[PDB]
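Q: The structure under discussion is supplied below as structure tokens; questions concerning it will follow.
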Amino acid sequence: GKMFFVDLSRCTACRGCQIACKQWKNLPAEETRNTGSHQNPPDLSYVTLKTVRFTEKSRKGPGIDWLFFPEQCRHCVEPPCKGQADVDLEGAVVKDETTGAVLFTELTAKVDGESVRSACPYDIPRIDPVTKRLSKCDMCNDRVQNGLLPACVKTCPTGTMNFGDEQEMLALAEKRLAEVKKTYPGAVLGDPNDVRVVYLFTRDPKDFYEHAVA
Amino acid sequence: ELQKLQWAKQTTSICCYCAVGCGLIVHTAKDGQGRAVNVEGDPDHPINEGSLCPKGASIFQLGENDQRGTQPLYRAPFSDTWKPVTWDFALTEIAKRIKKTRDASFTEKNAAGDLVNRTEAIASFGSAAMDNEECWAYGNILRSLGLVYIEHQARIXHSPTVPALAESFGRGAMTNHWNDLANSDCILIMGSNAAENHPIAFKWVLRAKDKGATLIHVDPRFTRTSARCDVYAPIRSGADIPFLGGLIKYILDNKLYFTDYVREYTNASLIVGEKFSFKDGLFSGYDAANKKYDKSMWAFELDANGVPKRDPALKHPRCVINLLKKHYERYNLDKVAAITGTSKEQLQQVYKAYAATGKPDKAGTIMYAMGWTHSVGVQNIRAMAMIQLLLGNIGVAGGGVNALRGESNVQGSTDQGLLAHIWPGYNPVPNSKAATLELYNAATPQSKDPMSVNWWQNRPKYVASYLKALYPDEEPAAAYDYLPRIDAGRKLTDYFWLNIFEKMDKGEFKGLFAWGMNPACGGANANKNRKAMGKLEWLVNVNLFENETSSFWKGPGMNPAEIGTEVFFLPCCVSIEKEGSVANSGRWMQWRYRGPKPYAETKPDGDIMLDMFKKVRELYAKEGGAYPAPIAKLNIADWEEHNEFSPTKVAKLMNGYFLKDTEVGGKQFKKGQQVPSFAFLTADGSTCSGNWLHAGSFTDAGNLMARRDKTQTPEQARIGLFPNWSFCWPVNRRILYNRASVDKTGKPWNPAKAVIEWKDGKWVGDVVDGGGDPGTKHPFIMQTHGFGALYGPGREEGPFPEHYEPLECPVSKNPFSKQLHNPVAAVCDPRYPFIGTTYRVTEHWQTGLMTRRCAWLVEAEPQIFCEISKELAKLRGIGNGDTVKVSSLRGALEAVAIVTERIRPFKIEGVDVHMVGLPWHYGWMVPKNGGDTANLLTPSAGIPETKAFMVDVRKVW
Ligand SMILES: Nc1nc2c(c(=O)[nH]1)N[C@H]1C(S)=C(S)[C@@H](COP(=O)(O)OP(=O)(O)OC[C@H]3O[C@@H](n4cnc5c(=O)[nH]c(N)nc54)[C@H](O)[C@@H]3O)O[C@H]1N2
Ligand SMILES: Nc1nc2c(c(=O)[nH]1)N[C@H]1C(S)=C(S)[C@@H](COP(=O)(O)OP(=O)(O)OC[C@H]3O[C@@H](n4cnc5c(=O)[nH]c(N)nc54)[C@H](O)[C@@H]3O)O[C@H]1N2
Ligand code: SF4
Ligand code: SF4
Ligand code: SF4
Ligand code: SF4
Ligand SMILES: [S]
Ligand SMILES: [W+6]
């Protein structure tokens with residue numbers, strides 16, 4: 001299988017990943033407005049598969065801890081969204097055995113879109129108010145199958161986004177956590193046994209986003 | 001196979017935004033016959049390695065955009081709407097307006113009776129966005145027509161940077177390059193928001209950290225850069241010179257300077273004349289009435305030969321180093337802390353971290369871009385250069401003054417002399433007193449020092465070779481009379497950006513070229529400028545989309561019916577729809593190729609400007625008119641292939657070729673051969689070259705700018721020179737002043753990060769910056785005396801940076817002298833008590849003309865905002881996300897309030913002073929509810945003031 005290692009201690013919130021996702025899939029842009037934040041779009045939706053979340057936490061002395069979270073589907077090893085979806089219709093949510101990608105097919109119109117989002121402990125799935133189909137990050141399975149990096153991984157300049165085989169990524173995450181701890185001593189890996197998107201957080205994952213971990 | 005990319009032709013490009021120069025791969029439908037289907041990063045490109053920030057990442061949405069211009073548009077005097085017209089009509093009518101204005105205003109001889117052969121009735125703005133070949137051709141077209149008011153983007157950064165670094169090092173350019181940031185042991189980012197404004201640069205900043213480096217951000221605001229640094233140090237706006245002055249004193253007090261480097265390679269040892277002194281914030285030779293200095297009073301004491309006297313013992317009290325120590329004694333931590341608002345603890349921390357790079361086997365780099373670099377902005381950068389010379393960080397891997405250029409080709413556009421004071425290759429524009437070519441060449445200072453290379457002594461070869469590229473059938477001395485001259489008697493700054501807007505408002509301009517710029521948003525005091533454009537008879541706008549400049553006449557508060565300005569809007573093609581080169585901040589001149597054909601009836605800038613000129617030439621050939629010679633004889637046949645502008649042919653003319661069989665440097669050269677280096681150019685007319693800096697870029701071996709070869713020696717690969725990827729001027733010297741990186745033996749100071757090394761009779765690694773055996777030449781070959789200048793007696797404000805207060809309104813006290821404000825230099829209306837500042841975000845570009853048309857970037861940053869502290873929010877009863885009115889003496893606008901701890905009140909003379917932050921990326925044109933330019937608020941009072949202007953911020957209910 002394949003795995004994303006996301007080192008958030010290197011993220012500059014450039015949002016190259018956010019734009020690159022929409023470029024590769026030719027997705028449309030939402031109607032957005034500024035409500036007192038750089039964060040936009042404010043949430044994932046049918047047409048936004050990745051958004052960078054901004055969070056400001058007060059620290060002692062000058063400046064802040066500015067916490068950046070490029071949110072995507074975790075592509076869980078044991079997908080709860082599949083388990084729930086398979087109660088309505090088996091096929092709607094399938095698992096690629098090559099890559100480990102959790103993929104929503106066109107049969108997600110048939111299943112209960114509401115409850116399959118509830119089952120997701122990361123609150124990832126989003127419903128089309130029209131076709132009633134579920135959309136999210138598909139791990140750019142298209143590109144991964146063809147021995148290319150996902151768009152968000154390739155576009156990232158900082159070395160935040162890393163992609164490859166589960167073994168060599170977990171090996172990287174452990175070695176990187178060791179060096180990052182010297183700068184951010186409260187650094188941790190998010191659910192490194194349950195998912196294929198392993199986020200390195202500089203501090204309490206709940207500070208980055210409510211559904212940052214299970 | 002990936003279906004989206006299957007069947008599409010794959011070509012390479014370079015990003016059309018910032019000066020990092022990120023590689024793209026473009027996929028073009030129908031094997032190159034149709035539209036672009038995909039644009040993403042070039043994985044083989046050694047700067048970005050496939051990475052793109054959201055601007056580069058969104059270039060597909062820029063190019064394949066149905067809001068883009070399709071054909072020329074015309075607007076008749078007082079017309080309420082655009083009238084779509086053909087190219088033939090637009091260029092023809094444009095060519096007639098030029099001739100009408102030229103003939104009517106062309107002055108052969110100024111009042112004083114001196115030859116000038118110029119027009120002062122036509123001005124041109126732009127552009128750093130055009131290809132290098134297009135910038136060169138444009139400059140020459142404008143100069144053949146006799147224009148002197150020729151400016152672009154570069155002015156805002158040039159005026160501070162180039163004179164600061166030229167004075168210090170002998171060249172004005174970024175000393176190192178992006179990949180080299182990775183070799184640095186301490187990175188000081190100060191007057192830069194690189195994480196947002198040069199994003200791919202942070203690939204190499206973070207890799208510097210991985211290998212042990214400390215990253216320091218010095219900024220009044222906490223940014224996305226600050227979040228990824230080891231040390232965030234807040235600084236009060238305009239307290240930079242105090243801060244750097246404290247660092248100089250810290251380095252000298254604690255003996256942290258690189259002694260051998262300083263004694264040999266800087267001017268530390270040179271004896272300043274007895275006439276030099278400093279007292280009460282004034283240097284010697286001050287004229288109180290005129291408010292300027294007699295710089296002869298700052299001269300060096302010359303020996304019998306005429307060479308500045310030196311004490312290698314550094315004992316003489318008039319040694320530069322000893323006068324430096326004296327001058328900066330006053331910048332103690334207590335005074336610097338009080339004025340900067342930086343804690344003594346953090347100052348000591350930052351000072352200790354960075355001055356540790358004075359170690360011969362450690363390298364420190366300073367990164368600055370625009371920041372706030374006003375009256376003493378030149379002296380700010382001088383202090384950075386002086387710190388780097390003290391620590392011996394100039395010429396070494398991970399060192400240098402990395403003065404980050406803004407636009408993709410602002411380096412190239414400057415190199416092609418699209419500023420009023422310079423021809424291509426930084427040969428000055430002649431003034432009225434420079435009556436002959438011999439007199440022009442007489443102005444170059446000479447050195448009697450045999451160790452001093454003084455390379456600028458070759459200038460006559462470059463000027464002659466230049467005039468032979470434009471006018472190859474004439475003698476250089478004869479051709480010299482064709483090109484216009486500025487008034488020797490007038491201030492140089494009267495020909496610059498800010499006075500072009502002043503003159504325009506006084507209706508002293510008939511015509512303006514707005515070529516790849518948006519003045520109506522870019523210019524400070526937008527209300528004034530938008531009204532001033534109404535006083536033009538004709539305006540030529542060449543851009544990708546309809547914009548605030550093209551359509552100023554139907555702008556906010558405007559009435560088309562009573563605006564008589566005749567506008568031609570010519571739609572140019574995007575970067576991926578044409579071939580050519582762009583020169584990045586690191587001087588990497590990078591060849592890119594056509595993907596899709598020009599969208600609709602759009603044209604490359606080369607074809608627009610060349611076709612426009614040919615129609616002007618045609619009119620003069622049939623009608624005659626004012627002094628036709630320069631227009632008639634200009635060699636545009638070398639610019640053209642298959643009835644079209646040839647990027648390839650212009651690039652070969654810019655590199656240059658021998659016009660006859662010539663013997664140079666004791667080597668035979670055949671006629672028609674490409675000149676292989678500027679070393680082999682001549683003054684006798686044997687050679688031509690559009691730009692001597694390009695001599696070496698396109699040789700008989702081919703187009704070196706189009707090299708995509710990642711081949712590196714171990715010592716090259718250790719510091720990421722990539723000398724076989726594209727070509728950088730001068731002659732592929734990737735790190736400038738690299739002779740300073742080795743002792744008089746030729747051994748590196750830092751063998752683990754060698755730039756050059758003397759091995760077996762040759763320099764190995766980078767190309768040596770100046771030929772000659774180890775210890776036989778002074779390392780700064782473009783300097784007259786050959787030394788890194790700690791003492792700079794050519795600067796208007798004095799030979800040492802001194803704190804003079806740039807932030808007028810809230811400051812009354814200078815703790816360093818009697819002299820509050822700059823002695824060679826605002827209303828402060830109490831109704832506007834806050835410091836307005838303007839800056840960028842990652843997702844938008846310049847005035848936003850380009851990025852406001854890209855839906856994915858509008859998605860991320862849809863509206864103008866006003867960032868304010870929690871303290872100012874509490875004072876003015878503003879909540880996060882509330883609509884506010886920001887106002888000044890110049891205008892007012894509405895924006896969304898972002899309340900953030902990233903902004904903190906300045907503490908100035910026992911008072912809380914609140915700073916108000918606005919993005920200048922917005923304009924009335926597009927999008928809906930996006931907002932208008934923050935330059936509605938900025939004052940006019942030759943560079944505009946955009947970082948500190950007075951505002952009020954009120955909540956709107
Ligand atoms: N995303 C993006 N990138 C760009 C551009 C763009 O529009 N958008 N434009 C390009 C251009 S033309 C240029 S010139 C460069 C400019 O690049 P930068 O110079 O990085 O641009 P700014 O964000 O205007 O200013 C940088 C920082 O200076 C800080 N600053 C303000 N006043 C002071 C002061 O008195 N002292 C110090 N030390 N810092 C101060 C601001 O808070 C800001 O964080 O960016 C280029 N790249
Ligand atoms: N308040 C405030 N004002 C500022 C600044 C600030 O920080 N604050 N920054 C100042 C600085 S540093 C600068 S450099 C200026 C920049 O100001 P401008 O240069 O006037 O701004 P833009 O026009 O947005 O710059 C990019 C332009 O290049 C055009 N372009 C792109 N590709 C091409 C091409 O191939 N051909 C042609 N012909 N045009 C092309 C784009 O369409 C766009 O119009 O703004 C200055 N103004
Ligand atoms: S993160 Fe949610 S949507 Fe994605 S695979 Fe896991 S359960 Fe399914
Ligand atoms: S992996 Fe692909 S689909 Fe998922 S967020 Fe990244 S670019 Fe978008
Ligand atoms: S591209 Fe990389 S650095 Fe930029 S926001 Fe995405 S993850 Fe962060
Ligand atoms: S905008 Fe600058 S940093 Fe971003 S992709 Fe383009 S060249 Fe690279
Ligand atoms: S620029
Ligand atoms: W700029």
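Residues in the structure tokens are named by chain (A, B, ... in the order shown) and by number from 1 within that chain; ligands are numbered from 1 in the order shown.
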Give the alpha helix (DSSP H) residues of segment 429-642 of chain B, as DSSP finds them on the backbone, and put them as number ranges by chain.
A: B: 437-442, 459-470, 476-479, 497-505, 519-522, 526-532, 605-623, 629-633
Q: Using only C-alpha atoms and a cut-off of 8 Å, which residues of chain A sit close to chain B? Please list them as a ChimeraX atom specification.
A: /A:9-20,22-24,28-41,58,62-66,142-143,146,154-159,183
Q: Enumerate, in order of chain and increasing residue number, the residues of chain B with an atom no farther than 6 Å from ligand 2, each with its shortest atom pair and distance in Å to one decimal, counting only C-alpha atoms and all ligand atoms, as JSON lines.
A:
{"residue": "B:129", "atom": "CA", "partner": "ligand 2", "partner_atom_place_in_ligand_line": "33 (C)", "distance": 4.7}
{"residue": "B:130", "atom": "CA", "partner": "ligand 2", "partner_atom_place_in_ligand_line": "35 (O)", "distance": 4.7}
{"residue": "B:153", "atom": "CA", "partner": "ligand 2", "partner_atom_place_in_ligand_line": "14 (S)", "distance": 3.9}
{"residue": "B:156", "atom": "CA", "partner": "ligand 2", "partner_atom_place_in_ligand_line": "12 (S)", "distance": 5.5}
{"residue": "B:515", "atom": "CA", "partner": "ligand 2", "partner_atom_place_in_ligand_line": "38 (N)", "distance": 5.2}
{"residue": "B:516", "atom": "CA", "partner": "ligand 2", "partner_atom_place_in_ligand_line": "39 (N)", "distance": 3.2}
{"residue": "B:517", "atom": "CA", "partner": "ligand 2", "partner_atom_place_in_ligand_line": "23 (O)", "distance": 3.5}
{"residue": "B:518", "atom": "CA", "partner": "ligand 2", "partner_atom_place_in_ligand_line": "20 (O)", "distance": 3.8}
{"residue": "B:519", "atom": "CA", "partner": "ligand 2", "partner_atom_place_in_ligand_line": "20 (O)", "distance": 4.9}
{"residue": "B:522", "atom": "CA", "partner": "ligand 2", "partner_atom_place_in_ligand_line": "47 (N)", "distance": 4.2}
{"residue": "B:523", "atom": "CA", "partner": "ligand 2", "partner_atom_place_in_ligand_line": "47 (N)", "distance": 5.7}
{"residue": "B:524", "atom": "CA", "partner": "ligand 2", "partner_atom_place_in_ligand_line": "3 (N)", "distance": 6.0}
{"residue": "B:542", "atom": "CA", "partner": "ligand 2", "partner_atom_place_in_ligand_line": "38 (N)", "distance": 5.1}
{"residue": "B:543", "atom": "CA", "partner": "ligand 2", "partner_atom_place_in_ligand_line": "39 (N)", "distance": 4.7}
{"residue": "B:544", "atom": "CA", "partner": "ligand 2", "partner_atom_place_in_ligand_line": "42 (O)", "distance": 4.9}
{"residue": "B:572", "atom": "CA", "partner": "ligand 2", "partner_atom_place_in_ligand_line": "36 (N)", "distance": 5.7}
{"residue": "B:574", "atom": "CA", "partner": "ligand 2", "partner_atom_place_in_ligand_line": "35 (O)", "distance": 5.1}
{"residue": "B:575", "atom": "CA", "partner": "ligand 2", "partner_atom_place_in_ligand_line": "35 (O)", "distance": 5.3}
{"residue": "B:605", "atom": "CA", "partner": "ligand 2", "partner_atom_place_in_ligand_line": "38 (N)", "distance": 5.8}
{"residue": "B:838", "atom": "CA", "partner": "ligand 2", "partner_atom_place_in_ligand_line": "8 (N)", "distance": 4.9}
{"residue": "B:839", "atom": "CA", "partner": "ligand 2", "partner_atom_place_in_ligand_line": "7 (O)", "distance": 5.1}
{"residue": "B:846", "atom": "CA", "partner": "ligand 2", "partner_atom_place_in_ligand_line": "24 (O)", "distance": 4.2}
{"residue": "B:847", "atom": "CA", "partner": "ligand 2", "partner_atom_place_in_ligand_line": "24 (O)", "distance": 3.8}
{"residue": "B:848", "atom": "CA", "partner": "ligand 2", "partner_atom_place_in_ligand_line": "24 (O)", "distance": 5.3}
{"residue": "B:849", "atom": "CA", "partner": "ligand 2", "partner_atom_place_in_ligand_line": "24 (O)", "distance": 4.9}
{"residue": "B:850", "atom": "CA", "partner": "ligand 2", "partner_atom_place_in_ligand_line": "42 (O)", "distance": 5.2}
{"residue": "B:920", "atom": "CA", "partner": "ligand 2", "partner_atom_place_in_ligand_line": "1 (N)", "distance": 5.2}
{"residue": "B:934", "atom": "CA", "partner": "ligand 2", "partner_atom_place_in_ligand_line": "1 (N)", "distance": 5.7}
{"residue": "B:935", "atom": "CA", "partner": "ligand 2", "partner_atom_place_in_ligand_line": "1 (N)", "distance": 4.8}
{"residue": "B:946", "atom": "CA", "partner": "ligand 2", "partner_atom_place_in_ligand_line": "1 (N)", "distance": 4.7}
Q: For ligand 3, collect every residue having any atom at a distance of at most 8 Å from a ligand atom (counting only C-alpha atoms and all ligand atoms); output as JSON, numbers by chain.
A: {"A": [72, 73, 74, 75, 76, 77, 78, 79, 80, 81, 82, 101, 102, 103, 117, 119, 120, 121, 122, 123, 124, 125, 136, 137, 195]}
Q: Distance limit 12 Å, reference ligand 8, atoms considered: only C-alpha atoms and all ligand atoms. Which residues make the cut? Give them as a ChimeraX atom specification.
A: /B:17-19,126-129,152-161,192,197-198,368-373,403-411,414,517,522-523,585,839-840,845-847,943-944,946
Q: B:909, B:663, B:829, B:240: which is nearest ligand 1, counting only C-alpha atoms and all ligand atoms?
A: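 Counting only C-alpha atoms and all ligand atoms, the residue closest to ligand 1 is B:240.
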Q: For residue 244 of chain B, work out the shell of residues within 10 Å, counting only C-alpha atoms and skipping chain neighbours fewer than 6 positions away, then give it as a list in words.
A: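 Neighbouring residues, sequence-local ones excluded: residues 250, 328, 331, 336, 351, 380, 381, 382, 383, 384, 386, 387, 801 and 803 of chain B.
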Q: Keeping only N, CA, C and O atoms, write the selected residues to a file as a CSV table (one decimal), in the first residue's frame.
A:
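Saved to selection.csv:
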chain,number,residue,atom,x,y,z
B,250,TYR,N,27.9,45.3,18.2
B,250,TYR,CA,28.0,44.0,18.8
B,250,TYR,C,29.2,43.2,18.2
B,250,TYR,O,30.0,42.6,19.0
B,328,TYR,N,29.8,53.7,15.4
B,328,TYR,CA,28.7,52.8,15.8
B,328,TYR,C,28.8,52.5,17.3
B,328,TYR,O,28.0,51.7,17.8
B,331,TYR,N,25.4,52.9,19.3
B,331,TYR,CA,24.2,52.0,19.1
B,331,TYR,C,24.3,50.9,20.2
B,331,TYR,O,24.2,49.7,19.8
B,336,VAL,N,19.0,50.9,21.2
B,336,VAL,CA,18.5,50.2,20.1
B,336,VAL,C,17.2,49.5,20.5
B,336,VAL,O,16.2,49.6,19.8
B,351,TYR,N,21.6,38.8,17.7
B,351,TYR,CA,23.0,39.3,17.5
B,351,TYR,C,24.0,38.2,17.7
B,351,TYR,O,24.9,38.0,16.8
B,380,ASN,N,20.1,51.6,4.9
B,380,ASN,CA,19.6,50.3,5.5
B,380,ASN,C,20.4,49.1,4.9
B,380,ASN,O,21.0,48.3,5.6
B,381,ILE,N,20.4,49.0,3.5
B,381,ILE,CA,21.0,47.9,2.7
B,381,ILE,C,22.5,48.0,2.8
B,381,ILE,O,23.2,47.0,2.9
B,382,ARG,N,23.0,49.3,2.9
B,382,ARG,CA,24.5,49.5,3.1
B,382,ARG,C,24.9,48.8,4.4
B,382,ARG,O,26.0,48.2,4.4
B,383,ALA,N,24.1,48.9,5.5
B,383,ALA,CA,24.4,48.4,6.8
B,383,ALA,C,24.4,46.8,6.8
B,383,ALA,O,25.3,46.2,7.4
B,384,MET,N,23.5,46.2,6.0
B,384,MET,CA,23.4,44.8,5.8
B,384,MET,C,24.7,44.3,5.1
B,384,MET,O,25.3,43.3,5.5
B,386,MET,N,27.6,45.9,5.0
B,386,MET,CA,28.7,46.1,6.0
B,386,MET,C,28.8,45.0,7.0
B,386,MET,O,30.0,44.6,7.3
B,387,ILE,N,27.7,44.6,7.6
B,387,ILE,CA,27.6,43.4,8.5
B,387,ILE,C,28.2,42.2,7.8
B,387,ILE,O,29.1,41.5,8.4
B,801,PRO,N,26.0,54.3,7.1
B,801,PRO,CA,24.6,54.4,7.5
B,801,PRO,C,24.5,55.0,9.0
B,801,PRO,O,25.2,54.6,9.8
B,803,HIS,N,21.2,56.4,11.7
B,803,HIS,CA,19.7,56.5,11.9
B,803,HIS,C,19.2,57.9,11.8
B,803,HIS,O,19.7,58.8,12.5
Q: What is the atom CA of residue 770 of chain B to atom CA of residue 476 of chain B distance in Å?
A: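 Atom CA of residue 476 of chain B lies 27.7 Å from atom CA of residue 770 of chain B.
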Q: Which residues are near residue 636 of chain B? Cut-off 12 Å, only C-alpha atoms, ignore same chain within fewer than 2 positions. Put them as number ranges by chain.
A: B: 136-138, 140-141, 144, 469-472, 606-607, 609-611, 613-614, 617, 630-634, 638-641, 643-646, 649-650, 653
Q: Could you tell me how far atom CA of residue 662 of chain B lies from atom CA of residue 687 of chain B, in Å and to one decimal?
A: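 Spanning atom CA of residue 662 of chain B to atom CA of residue 687 of chain B is a straight-line distance of 8.4 Å.
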Q: Quick one: residues within 12 Å of residue 248 of chain B, only C-alpha atoms counted, chain neighbours fewer than 5 positions away excluded, as a PyMOL selection string?
A: chain B and resi 241-243+253-257+321+324-333+336+351-352+354-355+358+382-391+790+800-802
Q: Could you give me the residues within 7 Å of ligand 4, counting only C-alpha atoms and all ligand atoms, as a PyMOL selection string?
A: chain A and resi 17+20-21+49-50+72+137-140+150-153
Q: List the neighbours of residue 628 of chain B out to 10 Å using only C-alpha atoms; skip same-chain residues closer than 6 positions along the sequence, and give me the result as a ChimeraX atom specification.
A: /B:103,144-145,482,617,620-621
Q: Please produce a file of the residues just selected, as an mmCIF file, in the first residue's frame, where the atoms kept are N, CA, C and O atoms.
A:
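To be explicit, this is the file written out as again16.cif:
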data_model
loop_
_atom_site.group_PDB
_atom_site.id
_atom_site.type_symbol
_atom_site.label_atom_id
_atom_site.label_comp_id
_atom_site.auth_asym_id
_atom_site.auth_seq_id
_atom_site.Cartn_x
_atom_site.Cartn_y
_atom_site.Cartn_z
ATOM 1 N N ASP B 103 6.966 64.612 -33.825
ATOM 2 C CA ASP B 103 7.212 65.754 -34.752
ATOM 3 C C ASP B 103 6.919 67.079 -34.035
ATOM 4 O O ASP B 103 7.727 68.008 -34.179
ATOM 5 N N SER B 144 14.914 54.921 -29.935
ATOM 6 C CA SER B 144 14.960 55.299 -31.375
ATOM 7 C C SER B 144 13.932 56.406 -31.655
ATOM 8 O O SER B 144 14.216 57.280 -32.498
ATOM 9 N N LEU B 145 12.795 56.373 -30.949
ATOM 10 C CA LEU B 145 11.713 57.392 -31.011
ATOM 11 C C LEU B 145 12.086 58.606 -30.149
ATOM 12 O O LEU B 145 11.343 59.609 -30.190
ATOM 13 N N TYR B 482 22.383 59.481 -32.338
ATOM 14 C CA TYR B 482 20.989 59.064 -32.660
ATOM 15 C C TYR B 482 20.148 58.942 -31.380
ATOM 16 O O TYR B 482 18.953 59.317 -31.407
ATOM 17 N N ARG B 617 7.955 53.715 -38.732
ATOM 18 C CA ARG B 617 9.062 53.814 -39.724
ATOM 19 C C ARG B 617 8.485 54.106 -41.116
ATOM 20 O O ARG B 617 9.072 54.950 -41.832
ATOM 21 N N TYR B 620 7.290 57.828 -41.532
ATOM 22 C CA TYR B 620 8.478 58.720 -41.638
ATOM 23 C C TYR B 620 9.105 58.574 -43.029
ATOM 24 O O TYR B 620 9.611 59.582 -43.557
ATOM 25 N N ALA B 621 9.055 57.373 -43.613
ATOM 26 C CA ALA B 621 9.632 57.062 -44.942
ATOM 27 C C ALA B 621 8.841 57.773 -46.051
ATOM 28 O O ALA B 621 9.462 58.126 -47.071
#
Q: Give me the residues near residue 91 of chain A as a ChimeraX atom specification, where near means some atom within 8 Å (using only C-alpha atoms) and where sequence neighbours in that chain fewer than 5 positions away do not count.
A: /A:86,105,107
Q: I'd like the interatomic distance between atom CA of residue 166 of chain A and atom CA of residue 108 of chain A, to a tenth of an Å.
A: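 Calculated distance between atom CA of residue 166 of chain A and atom CA of residue 108 of chain A is 27.7 Å.
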Q: Based on DSSP run over this structure's backbone, return all residues of segment 34-163 of chain A in strand (DSSP E or B), as an NGL selection string.
A: :A and (51-58 or 64-71 or 93-95 or 102-104 or 126-127 or 134-135 or 161-163)
Q: Between B:738, B:677, B:101, B:851, which is the closest to ligand 6 once you count only C-alpha atoms and all ligand atoms?
A: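 Under the stated criterion, the closest residue is B:851.
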